[PDB]
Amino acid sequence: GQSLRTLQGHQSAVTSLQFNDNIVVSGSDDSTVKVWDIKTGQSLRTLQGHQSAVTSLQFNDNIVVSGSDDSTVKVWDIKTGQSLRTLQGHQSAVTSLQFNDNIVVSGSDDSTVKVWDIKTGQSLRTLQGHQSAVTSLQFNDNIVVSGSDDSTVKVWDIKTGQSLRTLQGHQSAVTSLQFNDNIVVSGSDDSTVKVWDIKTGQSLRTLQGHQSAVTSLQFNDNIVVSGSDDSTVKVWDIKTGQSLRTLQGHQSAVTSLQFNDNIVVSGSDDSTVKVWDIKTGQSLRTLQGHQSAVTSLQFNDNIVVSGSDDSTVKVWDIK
């Protein structure tokens, strides 16, 4: 659980990050995206262009796609660091995004989701229906799934731009979601996680247990893992809807999480990252070093990469 290196360069809080075997890409309230060598910790490029905070990002081998409080999405050449195109259309901040080789999908405080051609920068569809800000989204080849401050999840036909169905049940804003070909899982300010049939729109299970808002979630075939403002992480049986175990140790809200078959990794407003055994619920390591809240994280077999309100990214030895 040792800190390997600290990546310094951002002038304000890190809001988002992603990494692979070679590089880390971070977004910050300082309006920039930075690309780092993960082995040396050296910043390689600073992507300048956004007029206000970067809220979301994703990258592959060739490009970076970033969303910002300036209401735009930008596509970058990750090798040269130059802005390739700026996707304008949203009327307020972009809150979330995802892309593949053909399409960018963005969500905004303007209550819409927009689908863009990533090669031309042209908006293809505007998904209208939510009554307030879009907070979260995911998409595949066929559909887009969005969550909103209006407490609903909506399923859209990405080709026609039509709303297929609206999933109602949460009592306050949807904060997070994930789906596969059969199931949508959503988290909400109402402190619950809900499991939905994606084809019928029917809620199947309501996971009750958290004492305050759910901030983050992930699921697979058998289990759901959720993080909450109540400072805990909970592991749920997705079939029975029962709480399997509660992971206690953080001293304030859990802000982010990721898990695999063996390990849960959580980040918290208490400035730490914790590594947990998912089968037993036991904390294995507490990663201490950040000076303020952890905002984002990702891990693999060897390392954890975390971003913080202290403006740094840290790389950790997970063992």
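All residue numbers are counted from 1 along the displayed sequence.
Checklist line | Of 121-129 and 77-85, the stretch whose C-alpha atoms average the higher B-factor in the entry | finding: Going by the record's values, the stretch with the higher mean is 77-85.
Next item on the list: Mind pulling up the entry and telling me whether 249-257 or 54-62 has the higher mean Cα temperature factor?
Entry: Averaging CA B-factors over each stretch, the winner is 54-62.
Checklist line | Residue, from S151, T166, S176, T200, that the PDB entry assigns the highest Cα B-factor | finding: Of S151, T166, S176, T200, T200 has the highest C-alpha B-factor.
Checklist line | From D101, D190, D230, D109, residue of greatest CA B-factor | finding: Highest C-alpha B-factor among the listed options: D101.
Item checked: Modelled-residue ranking by C-alpha temperature factor, third containing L7 -> As the PDB entry reports it, the C-alpha B-factor of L7 lands in the middle third of its chain.
Item checked: Chain-wide C-alpha B factor ranking for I238, given as lowest, middle or highest third -> Ranked within chain, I238 CA B lands in the highest tercile.
Notebook entry, point to check: Considering only modelled residues of the same chain, in which third does the CA B-factor of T280 rank: lowest, middle or highest?
Noted result: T280: CA B-factor falls in the highest third of its chain.
Next item on the list: Going by the recorded CA B-factors, say which third of the chain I143 sits in, lowest, middle or highest.
Entry: Highest third.
Note to self: Based on the deposited C-alpha B factors for this chain, I'd like to know if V313 is in the lowest, middle or highest third.
What the structure shows: It belongs to the lowest third of the chain when residues are ordered by C-alpha B-factor.
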